[PDB]
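To start, the structure under review is shown below, and the notes come after it.
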Amino acid sequence: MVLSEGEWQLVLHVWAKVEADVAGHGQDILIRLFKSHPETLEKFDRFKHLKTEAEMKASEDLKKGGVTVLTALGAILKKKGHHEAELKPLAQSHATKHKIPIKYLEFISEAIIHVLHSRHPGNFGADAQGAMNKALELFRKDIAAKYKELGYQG
Ligand code: HEM
């Protein structure tokens, strides 16, 4: 699929606000995921034991994981669809080391969209959420295609 430059601009505009606090947004996103979809927590051998939202908030390991996720994702969006080199190593570790089903990527997408909506109401109106949703659906699509070539899912 293809995003127009205007949709890309919508996406990189909100993203620039995210980047004012990568660590905070990363915590919010992971916690939102793990609360909504507890089964995802189990994939994280280093976080698996955390029982409550308060423990999550206090974990320096979870905060570090969030920055990683967002830092990686940010590098992809900034490519505006020309993200083939970037997707390859991510698709390989997520399919063959971590074994992350596509379904779980949909879940974190929903969590990203939830947090932007709460923290940036002004820069995340309907048009901007439609564009981020498209950007994330592109990402998921391309990653699903890579999984299949690598021998996972599909
Ligand atoms: C926006 C989507 C995501 C991005 C950009 C992302 C990116 C990354 C990055 C850059 C790493 C470190 C290097 C590597 O192993 O590839 C990583 C590690 C990891 N990711 Fe993801 N990830 C995403 C989604 C997920 C989801 C949804 C899960 C599980 C439900 C997950 C589970 C893991 C695990 C288990 C590791 C290893 C953590 C540790 O033990 O160091 N990832 N991810």
Side-chain angles (χ1 to χ4, degrees), residues 1-5 7-8 10-12 14-16 18-19 21-53 55-57 59-119 124 128-154:
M1 44 195 285
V2 188
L3 268 80
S4 68
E5 177 59 21
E7 298 177 318
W8 283 117
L10 287 176
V11 169
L12 295 187
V14 232
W15 198 262
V18 175
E19 290 185 335
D21 178 18
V22 180
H25 286 89
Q27 289 174 287
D28 286 1
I29 286 155
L30 285 192
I31 287 172
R32 169 66 188 205
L33 172 69
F34 302 148
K35 293 207 322 208
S36 302
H37 306 277
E39 66 261 36
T40 63
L41 177 65
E42 299 194 61
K43 288 295 176 161
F44 298 83
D45 278 46
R46 86 193 311 159
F47 307 146
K48 221 153 69 189
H49 65 294
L50 308 173
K51 298 168 180 295
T52 66
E53 177 165 358
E55 276 175 11
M56 274 179 202
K57 285 141 133 300
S59 171
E60 219 70 320
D61 279 351
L62 187 159
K63 163 150 76 32
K64 285 181 287 205
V67 164
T68 300
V69 165
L70 280 187
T71 302
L73 174 64
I76 290 167
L77 291 178
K78 287 164 184 7
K79 299 303 312 283
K80 308 169 37 170
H82 288 100
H83 51 228
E84 332 61 56
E86 297 75 8
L87 238 59
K88 277 175 181 197
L90 183 303
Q92 175 179 50
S93 67
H94 290 54
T96 160
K97 171 54 208 278
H98 314 313
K99 293 75 175 205
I100 313 318
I102 284 310
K103 165 71 102 153
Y104 286 9
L105 305 176
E106 288 177 4
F107 295 150
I108 194 169
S109 290
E110 155 203 325
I112 282 147
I113 282 170
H114 177 93
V115 166
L116 301 179
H117 170 87
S118 316
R119 298 170 73 149
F124 205 72
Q129 171 172 339
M132 173 72 81
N133 175 67
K134 206 161 167 188
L136 292 178
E137 302 208 331
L138 177 65
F139 172 66
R140 288 195 311 275
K141 174 170 63 49
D142 289 0
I143 266 245
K146 300 20 170 178
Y147 276 11
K148 196 192 198 305
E149 291 172 55
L150 299 163
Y152 179 63
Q153 283 187 105

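Side chains are part of it too, since the values below use all heavy atoms of this structure and drop only hydrogens, waters and symmetry mates. Residue numbers count from 1 along this sequence.
Contact check for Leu41 versus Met56: side-chain heavy atoms found under the 4.5 Å cut-off. Contact of the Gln129 side chain with the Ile113 side chain is registered, since non-hydrogen atoms from C-beta on lie closer than 4.5 Å. By the 4.5 Å heavy-atom criterion applied to side chains, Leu70 and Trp15 are counted as neighbours.
Distance NE2/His49 to CZ/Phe47: 9.5 Å, rounded to 0.5 Å. Rounding to the nearest 0.5 Å gives a distance of 6.5 Å between CD1 of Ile76 and CD1 of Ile143. Rounded to the nearest 0.5 Å, atoms NE2 (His82) and CG (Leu87) are 13.5 Å apart. The OH atom of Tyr104 sits 9.5 Å away from the CG atom of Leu33 when rounded to the nearest 0.5 Å. For the atom pair CD1 of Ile31 and CD of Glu55, the computed distance is 11.0 Å after rounding to the nearest 0.5 Å.
The backbone N or O of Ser4 lies less than 3.5 Å from a partner atom in the side chain of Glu7, making a donor-acceptor pair. A donor-acceptor contact shorter than 3.5 Å links the side chain of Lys99 to the backbone of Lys97. Remark: the backbone N or O of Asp142 is paired with a side-chain donor or acceptor of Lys146 at under 3.5 angstrom. Remark: side-chain polar atoms of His25 are paired, donor with acceptor, to backbone N or O of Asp21 under 3.5 angstrom. Distance alone, capped at 3.5 Å, places no donor-acceptor pair between the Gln153 side chain and the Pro101 backbone. Although no hydrogens or angles enter the test, the distance criterion places no donor-acceptor pair under 3.5 Å between the side chain of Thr96 and the main chain of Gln92. Side-chain atoms of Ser109 come within 3.5 Å of backbone N or O of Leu105 as a donor-acceptor pair.
Residue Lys79 qualifies as enclosed at atom NZ: its count of foreign heavy atoms under 6.0 Å is above 12. Heavy atoms of other residues, nucleotides or ligands lying less than 6.0 angstrom from NZ of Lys35 number 12 at most. The neighbour count for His37 NE2, taken as heavy atoms of other residues, nucleotides or ligands under 6.0 Å away, is above 12. Atom NZ of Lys78 has more than 12 heavy atoms from other residues, nucleotides or ligands within 6.0 Å. Counted within 6.0 Å of NZ on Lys141, heavy atoms from surrounding residues, nucleotides or ligands total more than 12; the atom is thus considered enclosed.
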Practice problem: Would you sort out whether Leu62 and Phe34 count as a side-chain contact (heavy atoms from CB on, under 4.5 Å), showing the intermediate values? | Solution: CA-CA 11 Å; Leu62 187 159; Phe34 302 148; 3.8 Å; yes
Exercise. Could you give me the CA-CA distance, side-chain angles and deciding distance for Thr40 and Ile108, then say whether side-chain contact (heavy atoms from CB on, under 4.5 Å) is met?
Key: CA-CA 9 Å; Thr40 63; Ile108 194 169; over 6 Å; no
Quiz item: Should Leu136 and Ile112 be marked as a side-chain contact (heavy atoms from CB on, under 4.5 Å) after you check the CA-CA gap, both sets of side-chain angles, and the distance that decides it?
Solution: CA-CA 10 Å; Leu136 292 178; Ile112 282 147; 4.2 Å; yes
Quiz item: Going through the checks in order, is the side-chain contact (heavy atoms from CB on, under 4.5 Å) test met by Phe124 and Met132?
Solution: CA-CA 9 Å; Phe124 205 72; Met132 173 72 81; 3.8 Å; yes
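When all heavy atoms of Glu84 and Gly81 are compared, the closest pair comes out as OE2-O, 3.6 Å. Residue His98 comes nearest to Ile100 through the heavy atom pair O-CD1, 3.4 Å, listed as atom of the first residue, atom of the second, then distance. In terms of heavy-atom proximity, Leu10 sits nearest to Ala131 at CB-CB, 4.0 Å. Nearest approach of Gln27 to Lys57, heavy atoms of both residues: NE2-O, 3.1 Å. The shortest non-hydrogen separation linking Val11 to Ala135 is CG2-CB, 4.1 Å. Across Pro89 and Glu86, no two heavy atoms sit closer than the pair CD-O, 3.5 Å.
Ion pairing between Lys134 and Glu137 fails under the 4.0 Å rule for side-chain N and carboxylate O. A salt bridge is defined here as a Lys NZ or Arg NE, NH1 or NH2 lying under 4.0 Å from an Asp or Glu carboxylate O, and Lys80 with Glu5 meets this definition.
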